[PDB]
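S.K.: Before anything else, here's the structure in question.
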Amino acid sequence: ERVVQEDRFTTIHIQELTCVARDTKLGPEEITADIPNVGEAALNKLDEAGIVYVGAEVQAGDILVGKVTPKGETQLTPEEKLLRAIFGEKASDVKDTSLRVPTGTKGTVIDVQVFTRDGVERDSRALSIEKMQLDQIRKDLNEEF
Amino acid sequence: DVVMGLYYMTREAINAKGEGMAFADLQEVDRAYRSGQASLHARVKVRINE
Amino acid sequence: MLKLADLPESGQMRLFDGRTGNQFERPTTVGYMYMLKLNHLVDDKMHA
Amino acid sequence: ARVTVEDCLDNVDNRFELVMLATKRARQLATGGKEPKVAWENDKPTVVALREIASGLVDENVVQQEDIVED
Amino acid sequence: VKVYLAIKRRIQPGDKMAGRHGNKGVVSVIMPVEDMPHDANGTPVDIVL
Amino acid sequence: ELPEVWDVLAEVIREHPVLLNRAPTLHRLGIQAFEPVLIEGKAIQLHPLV
Amino acid sequence: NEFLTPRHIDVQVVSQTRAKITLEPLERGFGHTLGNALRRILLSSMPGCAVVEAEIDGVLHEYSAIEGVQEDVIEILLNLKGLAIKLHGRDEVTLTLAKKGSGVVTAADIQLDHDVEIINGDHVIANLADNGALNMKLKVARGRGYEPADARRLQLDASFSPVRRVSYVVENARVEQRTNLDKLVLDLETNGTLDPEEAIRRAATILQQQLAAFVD
Amino acid sequence: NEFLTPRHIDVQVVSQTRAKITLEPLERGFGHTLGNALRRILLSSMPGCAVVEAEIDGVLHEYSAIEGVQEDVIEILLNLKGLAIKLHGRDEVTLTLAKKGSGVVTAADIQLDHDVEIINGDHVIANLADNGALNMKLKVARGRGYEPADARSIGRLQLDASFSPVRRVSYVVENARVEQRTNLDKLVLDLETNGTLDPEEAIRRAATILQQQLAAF
């Protein structure tokens, strides 16, 4: 037990998880912060853009980024609409396809990279990461002079 | 790994601690070995009921 | 170099049992060996 | 206790009819509500059915007679 | 959008350890310090091969 | 993983055997049945004699 | 904080002189601390009585045979090491054995005083095949544990401890809170001078009487 | 029969660590059944103090480093696991640390408290420079053994704490004489700790654990 308490053979593993947004013929895929059939315990870790903060402890099954896809001609079962009226949840025509961590894997978000098309609309987090990179270059040029 | 412990246990030695003593039964042999007053392999004489 | 650090030249010393407290009846080889940890962890091997 | 697979297989000595004889008896103890001849020692009906074979309480004609009374 | 997760995996019974002389193995149990064989000075060993 | 689920899992595996087999199955003894017990870890504890 | 207090799970009564106790709720490394301490006290520190010297008539050494008894002197000395003697009055008393029999010699035929009590009343010592007499002299005393004849006029091994075989196995006890907790399964085998359940309560009391001054 | 109850405590303190004690002349045979029993109690469960959580007001996760310092955040948290902290009348305190300039941050830079005592004062935690400084809060607690962070807003950094002051325990059995008997032995424990708890108070604490496990026997 001494080699475990002293952290001898402990190793750090970095895992990358990517979420792409394609253009479905019914409607485009956009990163948002509204998810159907969820609660506050699943949306507290996200931000106004829809991506988790850097340094947040994510357990197995947490939502990393928000992503919903528009659906059409769902043909809901009449036995299902009777159950939705019990609680009072509104009907939303958007399928939940958010990026979540696999089962049994837990870690800490250490870096988030955002890539978009040339001239496409950027969310609030895209410029936030850009502002941090523009300052680290400026802090290096001031140290050089 | 198991045949190594059974070979060292049953391995007669010429001169050892507690050689020549007599035991009335097999329970006295374990009682003498656990007290450290008899070697694991020493020429003794024990009465056995088989 | 074993006799320079006040150690037996045979490289073996008599150890004690941690659970029963009795001393082992045979000298045991001790020392420091370089160990490695391979990339075969059970976190990606256990499936059900 | 009372878990012997060689004592029950010593009388038949086939190891194939014992699995067939214990199958017809294990369903009666699980479905239908048949009370076993041996006591419930906190064992599943699959194992408690083998105790009746080793003790000689049930046989080929005993299981057929107990099931015919229910039908 | 791609994120990066950092995991610190400790050693547990089941991991594969080896040396430089072709002696590989899998850790079976993690015994306490009081159970490991010690010398006259009381210094316990770390690995029993 | 409620605490009352572990009391239920301990009862459904009491007399329920499981089959263990190695990847190279050369002869009949490559598949044997054992009575599983709940252990802490991620490695299958095998008997030294089998 | 503090630890958990163990409770006696079950004590087997499979035999009158053989029991098997079980202590299920224990800490991580306490199955071997309490198991080895009690196994060492019952075998090394346990007051009792046994035969330490046997003086037979017409016997020079432990290898010379005698006429009148079908067995040799070594067979008689082995039957004297299994005699359960329990005296209360004095500490060292000498008993005499004198009987001219022809079919069987029982250990209960030894003359007893007002303080010496022999438990084994049907123990067979020797068998007088010939019509010769068998007169000997036994000496009993009190000791700490198993003391052989090598340390400290036929000197035989003295077994003062009432127990005969003490062993213990420690396996993991399944608890929903933590599985690493182990259980202690101890089984004794006494010679008949006392109950196997009373020998553990007397051994655990000796271990408590030592560190009782510093216990708060 | 008759037994000599050991009622004495002879402790030979040579330094803050490695304190040799000698209980009393024991009975014949009780040098090993009592010496090995006390060793398995001290090395197993002794109450100690360790930092269970550290919060720095500049860093988010333990992997990202901070400017102005030389050691990484993981190296800083690994230096906190070697502190010898002693709590007197509290079960969980909250310490703080704030130092600027080009100074070596040691264990003596922590703000002093009435119920908190730090034994090692030369323990280097981090090395600063004129580029920046650091400021963090430390939270210690009482425990018994090794408890990782998995079994126990985003700036909370949990640490695997080991509440064990003992490091190495060894015992020898020599001969004693009290002019009463002939065969009497004494027990000498070579207890070595981190200077947190008293070696004379560790024996009375270990004797109570063994007595509590035998009272219910």
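Each chain in the structure tokens gets a letter, A, B, ..., in the order shown, and its residues are numbered from 1; ligands are numbered from 1 in order too.
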Report the residues of segment 4-165 of chain G whose backbone DSSP state falls under strand (DSSP E), written as a PyMOL selection string.
M.R.: chain G and resi 8-12+18-23+48-56+85-87+93-99+105-106+116-118+124-126+134-143+146-147+154-155+158-159
S.K.: Find the spatial neighbours of residue 10 of chain H, counting only C-alpha atoms, within a cut-off of 12 Å - ignore same-chain residues fewer than 2 positions away - and output them as a VMD selection string.
M.R.: chain H and resid 6 to 8 12 to 13 19 to 25 186 to 189 199 to 201 203
S.K.: Pick out the chain A residues within 10 Å of chain E. Count only C-alpha atoms. Give them as a ChimeraX atom specification.
M.R.: /A:1-5,7-21,31,51-52,54-58,64-65,99,101,105-116
S.K.: Considering only C-alpha atoms, extract the chain B residues located within 10 Å of chain C and return them as a PyMOL selection string.
M.R.: chain B and resi 36+39-40
S.K.: Do a neighbour search on residue 19 of chain D at 12 Å with only C-alpha atoms, toss out local chain neighbours closer than 6 positions, and write the hits as a PyMOL selection string.
M.R.: chain D and resi 5+8-9+12-13+25-26+46-47+49-50+53
S.K.: Dump C-alpha atoms for the selected residues as a tab-separated table (two decimals), in the first residue's frame?
M.R.:
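Result went into selection03.tsv, see below:
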```tsv
chain	number	residue	atom	x	y	z
D	5	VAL	CA	-23.18	-34.09	-7.15
D	8	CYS	CA	-26.68	-38.40	-6.73
D	9	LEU	CA	-24.79	-39.52	-9.85
D	12	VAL	CA	-27.77	-43.64	-11.94
D	13	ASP	CA	-24.17	-43.44	-13.22
D	25	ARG	CA	-38.22	-31.71	-10.70
D	26	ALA	CA	-36.72	-28.20	-10.66
D	46	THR	CA	-31.96	-26.06	-9.16
D	47	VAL	CA	-29.72	-27.33	-6.34
D	49	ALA	CA	-33.70	-30.78	-6.62
D	50	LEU	CA	-30.40	-32.69	-6.62
D	53	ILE	CA	-31.89	-37.57	-6.10
```
S.K.: Do you know which residues are at most 9 Å from segment 157-159 of chain H counting only C-alpha atoms, after dropping those on the same chain fewer than 3 positions away, and could you put them as a PDB file with C-alpha atoms, in the first residue's frame?
M.R.:
```pdb
ATOM      1  CA  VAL H  51      -4.540  18.721   3.857  1.00  0.00           C
ATOM      2  CA  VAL H  52      -7.684  17.418   2.143  1.00  0.00           C
ATOM      3  CA  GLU H  53      -8.423  20.408  -0.118  1.00  0.00           C
ATOM      4  CA  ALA H  54      -6.492  23.422  -1.411  1.00  0.00           C
ATOM      5  CA  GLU H  55      -8.102  26.373  -3.203  1.00  0.00           C
ATOM      6  CA  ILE H  56      -6.008  28.807  -5.256  1.00  0.00           C
ATOM      7  CA  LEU H  60      -8.865  26.468 -12.406  1.00  0.00           C
ATOM      8  CA  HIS H  61      -7.549  22.887 -12.577  1.00  0.00           C
ATOM      9  CA  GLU H  62      -4.423  21.274 -11.151  1.00  0.00           C
ATOM     10  CA  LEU H  77      -0.071  20.069  -4.243  1.00  0.00           C
ATOM     11  CA  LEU H  78       2.398  17.183  -3.929  1.00  0.00           C
ATOM     12  CA  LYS H  81       1.221  16.152   1.411  1.00  0.00           C
ATOM     13  CA  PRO H 148      -8.370   9.133  -1.717  1.00  0.00           C
ATOM     14  CA  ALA H 149     -10.369  11.915  -3.326  1.00  0.00           C
ATOM     15  CA  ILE H 154     -14.413  24.959 -10.184  1.00  0.00           C
TER      16      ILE H 154
END
```
S.K.: Check every residue of chain H for an atom within 12 Å of chain E, counting only C-alpha atoms, and provide those that qualify as JSON, numbers by chain.
M.R.: {"H": [18, 36, 37, 38, 39, 40, 41, 42, 43, 44, 45, 61, 62, 63, 64, 74, 145, 146, 148, 149, 150, 160, 164, 166, 167, 168, 169, 170, 171, 172, 173, 189, 190, 191, 192]}
S.K.: Please write the residues from the selection above to a file, keeping N, CA and C atoms, as a tab-separated table (two decimals), in the first residue's frame.
M.R.:
```tsv
chain	number	residue	atom	x	y	z
H	18	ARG	N	12.00	9.02	15.67
H	18	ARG	CA	12.77	7.87	16.13
H	18	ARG	C	12.93	7.89	17.65
H	36	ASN	N	4.66	-7.67	18.46
H	36	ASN	CA	4.13	-7.70	17.10
H	36	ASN	C	2.68	-7.23	17.06
H	37	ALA	N	1.96	-7.36	18.17
H	37	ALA	CA	0.59	-6.85	18.22
H	37	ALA	C	0.57	-5.33	18.24
H	38	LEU	N	1.49	-4.71	18.98
H	38	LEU	CA	1.54	-3.25	19.03
H	38	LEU	C	2.05	-2.66	17.73
H	39	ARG	N	2.87	-3.41	16.99
H	39	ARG	CA	3.37	-2.90	15.71
H	39	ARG	C	2.26	-2.87	14.66
H	40	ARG	N	1.39	-3.88	14.66
H	40	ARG	CA	0.29	-3.94	13.71
H	40	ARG	C	-0.84	-2.99	14.06
H	41	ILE	N	-0.80	-2.35	15.23
H	41	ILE	CA	-1.79	-1.35	15.61
H	41	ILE	C	-1.31	0.06	15.29
H	42	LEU	N	-0.02	0.33	15.52
H	42	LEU	CA	0.52	1.66	15.24
H	42	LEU	C	0.57	1.92	13.74
H	43	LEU	N	1.13	0.98	12.97
H	43	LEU	CA	1.24	1.15	11.53
H	43	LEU	C	-0.10	1.08	10.81
H	44	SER	N	-1.16	0.66	11.49
H	44	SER	CA	-2.46	0.50	10.85
H	44	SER	C	-3.33	1.75	10.99
H	45	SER	N	-3.62	2.15	12.22
H	45	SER	CA	-4.62	3.19	12.48
H	45	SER	C	-4.14	4.08	13.61
H	61	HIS	N	-7.82	24.30	-12.80
H	61	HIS	CA	-7.55	22.89	-12.58
H	61	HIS	C	-6.07	22.69	-12.25
H	62	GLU	N	-5.77	21.54	-11.64
H	62	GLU	CA	-4.42	21.27	-11.15
H	62	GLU	C	-3.41	21.08	-12.27
H	63	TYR	N	-3.84	20.96	-13.52
H	63	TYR	CA	-2.92	20.73	-14.62
H	63	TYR	C	-2.36	22.02	-15.21
H	64	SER	N	-3.17	23.07	-15.29
H	64	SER	CA	-2.69	24.34	-15.81
H	64	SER	C	-1.79	25.02	-14.79
H	74	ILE	N	0.59	20.75	-9.85
H	74	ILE	CA	0.66	19.38	-9.36
H	74	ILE	C	1.83	19.22	-8.40
H	145	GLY	N	-6.82	6.72	8.29
H	145	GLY	CA	-5.97	6.03	7.33
H	145	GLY	C	-5.91	6.73	5.99
H	146	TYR	N	-5.59	5.98	4.94
H	146	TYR	CA	-5.51	6.54	3.60
H	146	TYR	C	-6.91	6.65	2.99
H	148	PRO	N	-8.56	8.37	-0.48
H	148	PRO	CA	-8.37	9.13	-1.72
H	148	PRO	C	-9.51	10.11	-1.94
H	149	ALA	N	-9.35	10.92	-2.99
H	149	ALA	CA	-10.37	11.91	-3.33
H	149	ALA	C	-11.60	11.29	-3.97
H	150	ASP	N	-11.46	10.11	-4.58
H	150	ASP	CA	-12.61	9.45	-5.19
H	150	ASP	C	-13.55	8.86	-4.16
H	160	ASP	N	-5.55	13.60	-2.17
H	160	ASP	CA	-5.56	12.30	-1.51
H	160	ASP	C	-4.75	12.41	-0.23
H	164	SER	N	-1.66	9.40	8.73
H	164	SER	CA	-0.84	8.42	9.44
H	164	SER	C	0.48	9.05	9.84
H	166	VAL	N	2.88	7.72	11.83
H	166	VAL	CA	3.96	6.76	11.97
H	166	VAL	C	4.56	6.45	10.61
H	167	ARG	N	5.87	6.19	10.60
H	167	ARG	CA	6.59	5.87	9.37
H	167	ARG	C	7.22	4.48	9.41
H	168	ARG	N	7.91	4.14	10.49
H	168	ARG	CA	8.58	2.85	10.59
H	168	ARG	C	8.59	2.41	12.05
H	169	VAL	N	8.16	1.18	12.30
H	169	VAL	CA	8.09	0.62	13.64
H	169	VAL	C	8.87	-0.69	13.67
H	170	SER	N	9.77	-0.82	14.64
H	170	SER	CA	10.53	-2.05	14.84
H	170	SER	C	10.66	-2.31	16.33
H	171	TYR	N	10.80	-3.59	16.69
H	171	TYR	CA	10.84	-3.99	18.08
H	171	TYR	C	11.86	-5.10	18.28
H	172	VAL	N	12.55	-5.07	19.41
H	172	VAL	CA	13.46	-6.12	19.82
H	172	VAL	C	13.09	-6.55	21.24
H	173	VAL	N	13.45	-7.79	21.57
H	173	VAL	CA	13.14	-8.38	22.87
H	173	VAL	C	14.45	-8.76	23.54
H	189	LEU	N	10.39	-0.67	21.67
H	189	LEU	CA	9.82	-0.24	20.40
H	189	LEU	C	10.65	0.89	19.82
H	190	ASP	N	11.07	0.73	18.57
H	190	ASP	CA	11.80	1.78	17.85
H	190	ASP	C	10.83	2.56	16.97
H	191	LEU	N	9.91	3.26	17.63
H	191	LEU	CA	8.88	4.01	16.93
H	191	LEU	C	9.47	5.25	16.27
H	192	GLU	N	9.11	5.47	15.01
H	192	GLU	CA	9.55	6.63	14.25
H	192	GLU	C	8.35	7.28	13.59
```
S.K.: Within 9 Å of chain F, which residues of chain E show up when using only C-alpha atoms, listed as a PDB file with N, CA and C atoms, in the first residue's frame?
M.R.:
```
ATOM      1  N   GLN E  12      -3.992  -0.509  -9.817  1.00  0.00           N
ATOM      2  CA  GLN E  12      -4.983  -1.348  -9.166  1.00  0.00           C
ATOM      3  C   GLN E  12      -4.718  -2.797  -9.542  1.00  0.00           C
ATOM      4  N   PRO E  13      -5.227  -3.755  -8.750  1.00  0.00           N
ATOM      5  CA  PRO E  13      -5.061  -5.171  -9.110  1.00  0.00           C
ATOM      6  C   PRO E  13      -5.612  -5.490 -10.490  1.00  0.00           C
ATOM      7  N   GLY E  14      -4.729  -5.871 -11.406  1.00  0.00           N
ATOM      8  CA  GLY E  14      -5.125  -6.157 -12.770  1.00  0.00           C
ATOM      9  C   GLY E  14      -4.202  -5.521 -13.787  1.00  0.00           C
ATOM     10  N   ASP E  15      -3.528  -4.447 -13.389  1.00  0.00           N
ATOM     11  CA  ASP E  15      -2.592  -3.777 -14.279  1.00  0.00           C
ATOM     12  C   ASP E  15      -1.350  -4.635 -14.491  1.00  0.00           C
ATOM     13  N   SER E  28      -1.713  -8.672  -8.348  1.00  0.00           N
ATOM     14  CA  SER E  28      -2.829  -9.477  -7.869  1.00  0.00           C
ATOM     15  C   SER E  28      -3.518  -8.883  -6.650  1.00  0.00           C
TER      16      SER E  28
END
```
S.K.: Check the DSSP output for the backbone and give back, as a count of residues only, the residues of chain D in alpha helix (DSSP H).
M.R.: 43
S.K.: What are the residues of chain G lining chain F at 12 Å or less? Count only C-alpha atoms, and put the answer as a count of residues only.
M.R.: 10
S.K.: Give me, as a compact mmCIF listing (two decimals) with N, CA and C atoms, in the first residue's frame, the contact residues of chain G against chain C at a cut-off of 10 Å, counting only C-alpha atoms.
M.R.:
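Okay, selection14.txt is ready:
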```txt
# COMPACT_ATOMS: atom_id res chain seq x y z
N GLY G 29 -6.98 -4.87 9.07
CA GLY G 29 -5.86 -5.68 9.50
C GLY G 29 -5.95 -6.16 10.93
N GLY G 31 -7.83 -9.19 11.67
CA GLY G 31 -8.03 -10.63 11.71
C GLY G 31 -6.77 -11.39 12.07
N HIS G 32 -5.60 -10.84 11.74
CA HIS G 32 -4.33 -11.47 12.06
C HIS G 32 -3.70 -10.93 13.34
N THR G 33 -4.12 -9.75 13.80
CA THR G 33 -3.61 -9.23 15.06
C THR G 33 -4.23 -9.96 16.24
N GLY G 35 -5.95 -12.87 15.89
CA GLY G 35 -5.83 -14.30 15.68
C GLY G 35 -4.49 -14.85 16.11
N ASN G 36 -3.40 -14.14 15.80
CA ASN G 36 -2.07 -14.60 16.16
C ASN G 36 -1.77 -14.38 17.63
N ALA G 37 -2.33 -13.34 18.24
CA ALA G 37 -2.09 -13.09 19.66
C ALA G 37 -2.76 -14.15 20.52
N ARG G 40 -1.01 -17.58 20.10
CA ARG G 40 0.28 -17.67 20.78
C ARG G 40 0.12 -17.77 22.29
```
S.K.: Could you state the separation of atom CA of residue 22 of chain B and atom CA of residue 148 of chain G in Å, given to one decimal place?
M.R.: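 If I compute the distance from atom CA of residue 22 of chain B to atom CA of residue 148 of chain G, I get 10.1 Å.
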S.K.: Would you tabulate, counting only C-alpha atoms, all residues of chain B that have an atom at most 12 Å from an atom of chain F, showing the closest pair of atoms and their distance in Å to one decimal, sorted by chain then ascending number, as CSV?
M.R.:
```
residue,atom,partner,partner_atom,distance
B:1,CA,F:48,CA,9.5
B:2,CA,F:49,CA,9.2
B:3,CA,F:49,CA,11.5
```
